[PDB]
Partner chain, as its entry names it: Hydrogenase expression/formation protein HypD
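Here you get one chain, nothing else, as structure tokens; it is the form deposited without its partner chain.
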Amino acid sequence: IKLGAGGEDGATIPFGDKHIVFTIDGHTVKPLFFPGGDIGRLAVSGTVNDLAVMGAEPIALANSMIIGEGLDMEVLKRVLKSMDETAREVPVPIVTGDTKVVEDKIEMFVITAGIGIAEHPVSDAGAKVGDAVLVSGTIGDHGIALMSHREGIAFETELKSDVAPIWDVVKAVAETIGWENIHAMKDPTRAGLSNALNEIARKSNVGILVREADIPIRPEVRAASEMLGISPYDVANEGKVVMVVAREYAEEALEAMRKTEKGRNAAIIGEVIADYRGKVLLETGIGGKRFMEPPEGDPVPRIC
């Protein structure tokens, strides 16, 4: 009996004195290449980021690729090059893998599993009342950039995905304020920032009050989101972390992120409260307050 009960969100496994974090995620993004990245960089970044938000230093990645027989070898080579390069940015080795070819008329799916070691585990259940809620950068870039490209929407300054591994951003904060002062984190991928904040609120059993005006959103993302009819708070991010920090260390954490290249646009967007536990309240800039609810469904097709 090795686990947890046999049979059937990264998982944590206590291993003696330390903690092993184990995660897996499939990627079906189409097209395979998008502004700012590709399925290979996405596969590595998403796994590293899921490990990072649990406080785990990535130790190894495993990659499974399922390719259609009609795929051009050059496309495959470019994806592998990108995967290799992205893992080298962490750095974390891709220690094993598998490749299967199918006659099905697909191009490629990439599935990545990762293992990390968290000496000071962090989860979405540890937020405390009074804590500051931070995001490491602009919100909605990935999902909106891909949906925009799909619709032929284009801007003067190209709208690109933010896809990138951000273990370095998380480490920068921990090295400054100490892991003990990072109370919760979430990787705002599927269902975006709103889903991430609701998960922290419900799992930590705390309320979260967000000042809408403080959420960093690029002008192009705001515009494209209006054209697409979707909220940038509800789509996937692939180069960001949501972090809940002890109140007295909020500014230090913000400054630590802003000193990294990927955390340049970090911001404090709200605080944890003792009322409406399990809910996220949004103080709208137009004036007023409303609940920030995860998107009512329709997972944006093949963007991650």
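Between two forms, the rigid core is the largest collection of C-alphas that superpose within 1.5 Å. Shifts are known only where both forms have a C-alpha. Positions refer to the first chain, counted from 1.
Heads up, the form solved in complex with its partner chain isn't pictured, but that's what we're talking about next.
Novice: Taking heavy atoms and a 4.5 Å cut-off, does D168 contact its partner chain in the bound PDB entry?
Specialist: No, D168 stays farther than 4.5 Å from its partner chain in the bound PDB entry.
Novice: Taking heavy atoms and a 4.5 Å cut-off, does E151 contact its partner chain in the bound PDB entry?
Specialist: Judged by the heavy-atom cut-off of 4.5 Å, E151 is in contact with its partner chain in the bound PDB entry.
Novice: At the 4.5 Å heavy atom threshold, is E119 in contact with its partner chain in the bound PDB entry?
Specialist: The answer is no: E119 has no heavy atom within 4.5 Å of its partner chain.
Novice: At 4.5 Å between heavy atoms, is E226 in contact with its partner chain in the bound PDB entry?
Specialist: Yes, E226 lies within 4.5 Å of its partner chain in the bound PDB entry.
Novice: Verify the flagged residues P216, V244 and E248 against its partner chain in the bound PDB entry: is each one within 4.5 Å by a non-hydrogen atom?
Specialist: Judged in the bound PDB entry, none of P216, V244 and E248 sits within 4.5 Å of its partner chain.
Novice: At a 4.5 angstroms cut-off on non-hydrogen atoms, which residues of 285-299 are near its partner chain in the bound PDB entry? List them in order.
Specialist: Read in sequence order, the residues that approach its partner chain (within 4.5 Å, in the bound PDB entry) are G285, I286, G287, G288, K289, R290, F291, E293, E296.
Novice: Which stretches of at least three consecutive residues shift by 2 Å or more at every Cα between the shown form and the other one, once the core is superposed?
Specialist: Shifted segments: 13-17, 298-302.
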